[PDB]
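Structure record follows, encoded as structure tokens.
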Amino acid sequence: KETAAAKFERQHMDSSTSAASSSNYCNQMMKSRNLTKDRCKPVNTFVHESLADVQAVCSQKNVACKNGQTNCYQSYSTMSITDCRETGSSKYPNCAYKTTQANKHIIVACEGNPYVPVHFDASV
């Protein structure tokens, strides 16, 4: 139902803020981006940069993905990101997340025409 590109945007893009706004950022975002409906998605990263800057990573440093695929790209610069991870008290359907803000390079897998991100692989 969702294109791979649109799924990436929904799961990983938050250009509305420069960084996570509070310790409850992940609880709020995981819910509103529909990542807690079927189950608690265990781990998810949000990127606080413009969509244009994240799409641009597909023209940056070509690197292997964790799974061995050759269509991954690492950002030349660090980006503001928030790691969201299920923590102690979490049990579906009351998912609970730890919010960890950081500034790191992102690694994404890209596909299609236009060539855009379709998977968030890792941050460094």
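Lettering and numbering for the structure tokens are positional, with chains as A, B, ... in the shown order, residues counted from 1 in each chain, and ligands counted from 1 in the shown order.
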Running DSSP on the backbone, which parts of range 14-95 of chain A land in helix (DSSP H, G or I), as JSON, numbers by chain? {"A": [25, 26, 27, 28, 29, 30, 31, 32, 51, 52, 53, 54, 55, 56, 57, 58, 59]}
Got a sec: who's within 6 Å of range 89-92 of chain A, counting only C-alpha atoms, leaving out chain neighbours fewer than 3 positions off, as a short mmCIF file (atom, residue, chain, number, x, y, z; two decimals) with N, CA, C and O atoms, in the first residue's frame?
data_model
loop_
_atom_site.label_atom_id
_atom_site.label_comp_id
_atom_site.auth_asym_id
_atom_site.auth_seq_id
_atom_site.Cartn_x
_atom_site.Cartn_y
_atom_site.Cartn_z
N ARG A 39 2.22 -3.77 16.40
CA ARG A 39 3.15 -4.26 17.41
C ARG A 39 3.97 -3.04 17.80
O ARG A 39 3.82 -1.99 17.19
N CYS A 40 4.83 -3.18 18.80
CA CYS A 40 5.78 -2.12 19.09
C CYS A 40 6.97 -2.34 18.18
O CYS A 40 7.68 -3.33 18.34
N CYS A 95 3.27 0.39 24.30
CA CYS A 95 4.66 0.52 23.92
C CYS A 95 5.29 1.67 24.71
O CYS A 95 4.63 2.66 25.03
N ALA A 96 6.57 1.52 25.04
CA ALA A 96 7.28 2.54 25.80
C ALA A 96 8.68 2.65 25.22
O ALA A 96 9.34 1.63 25.03
#
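Proximity ranking of A:109, A:122, A:4, A:20 relative to residue 60 in chain A places A:109 first, based on only C-alpha atoms.
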Do you know which residues are at most 10 Å from residue 65 in chain A counting only C-alpha atoms, after dropping those on the same chain fewer than 4 positions away, and could you put them as a list in words? residues 69, 70, 71, 72, 73, 74, 107, 108, 109, 119, 120, 121 and 122 of chain A
Taking C-alpha atoms for each residue, export the selection above as a JSON list (two decimals), in the first residue's frame.
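Writing the result to result17.json gives the following:
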[["chain", "number", "residue", "atom", "x", "y", "z"],
["A", 69, "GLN", "CA", 23.82, -5.22, -0.37],
["A", 70, "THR", "CA", 25.76, -2.64, -2.41],
["A", 71, "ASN", "CA", 23.17, 0.14, -2.57],
["A", 72, "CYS", "CA", 23.90, 1.83, 0.76],
["A", 73, "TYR", "CA", 25.19, 5.38, 1.19],
["A", 74, "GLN", "CA", 26.74, 7.12, 4.16],
["A", 107, "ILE", "CA", 23.59, 5.15, 6.35],
["A", 108, "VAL", "CA", 20.60, 4.52, 4.08],
["A", 109, "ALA", "CA", 19.82, 2.13, 1.25],
["A", 119, "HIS", "CA", 15.73, 1.82, 4.25],
["A", 120, "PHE", "CA", 17.59, 3.20, 7.28],
["A", 121, "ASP", "CA", 20.58, 0.93, 7.85],
["A", 122, "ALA", "CA", 22.58, 2.51, 10.65]]
Within 7 Å of residue 103 in chain A, counting only C-alpha atoms, which residues show up once you throw out same-chain ones fewer than 5 positions away? Write them as a PyMOL selection string, please. chain A and resi 78-81
Contact residues around range 24-34 of chain A with only C-alpha atoms at 10 Å, ignoring same-chain residues under 5 positions, as a list in words: residues 7, 9, 10, 11, 12, 13, 14, 19, 39, 40, 41, 43, 44, 45, 46, 82, 83, 84, 85, 86, 94, 95, 96, 97, 98, 99, 100 and 101 of chain A
At a cut-off of 8 Å, using only C-alpha atoms, what residues contact residue 50 in chain A? Leave out same-chain residues fewer than 2 positions from it and give the result as a ChimeraX atom specification. /A:14-15,48,52-54
Give me, as an MDAnalysis selection string, the residues of chain A that a backbone DSSP run labels strand (DSSP E). chainID A and resid 43:47 61:63 72:74 79:86 97:104 106:111 116:123
Which distance in Å separates CA of residue 113 in chain A and CA of residue 6 in chain A, to one decimal?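 Pair CA of residue 113 in chain A / CA of residue 6 in chain A returns 13.6 Å.
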Write out, as a Markdown table, each residue of range 22-82 of chain A that has an atom at most 9 Å from range 115-118 of chain A, together with the closest pair of atoms and their distance in Å to one decimal, counting only C-alpha atoms, rows going by chain and rising number.
| residue | atom | partner | partner_atom | distance |
| --- | --- | --- | --- | --- |
| A:54 | CA | A:117 | CA | 7.8 |
| A:55 | CA | A:116 | CA | 5.5 |
| A:56 | CA | A:116 | CA | 8.0 |
| A:57 | CA | A:117 | CA | 8.1 |
| A:58 | CA | A:116 | CA | 6.2 |
| A:59 | CA | A:115 | CA | 8.6 |
| A:72 | CA | A:117 | CA | 8.9 |
Report, in Å to a single decimal, how far apart CA of residue 106 in chain A and CA of residue 37 in chain A are. 26.2 Å
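From CA of residue 47 in chain A back to CA of residue 16 in chain A, the distance works out to 10.0 Å.
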